[PDB]
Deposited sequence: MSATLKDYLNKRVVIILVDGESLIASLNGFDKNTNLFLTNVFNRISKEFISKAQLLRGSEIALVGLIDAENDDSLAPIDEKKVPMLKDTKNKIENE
């Protein structure tokens, strides 16, 4: 699980091959990334956003 990752900064690599720096406040068993202060990896995109598990290829702890 990502139950170790709560509130840490994270790097997400999407299946389309883009990277994002973010903070994961919450997540579900479909790896739907509930995150805030998202931005590329280089201009921010949002504070508080929802990413769908289907587009996550990979989550890394930073």
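- Counting from residue 1 of the deposited sequence, the stretches lacking C-alpha coordinates in this chain are 1-3, 45-46, 68-96.
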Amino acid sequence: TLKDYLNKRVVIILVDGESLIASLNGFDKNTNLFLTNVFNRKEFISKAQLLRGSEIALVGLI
From here on, numbers count along this sequence of modelled residues.
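- Per-stretch averaging of Cα B factors for 44-52 and 10-18 places 44-52 on top.
- Per the deposited record, the Cα B-factor of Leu61 falls in the highest third when ranked against the other modelled residues of its chain.
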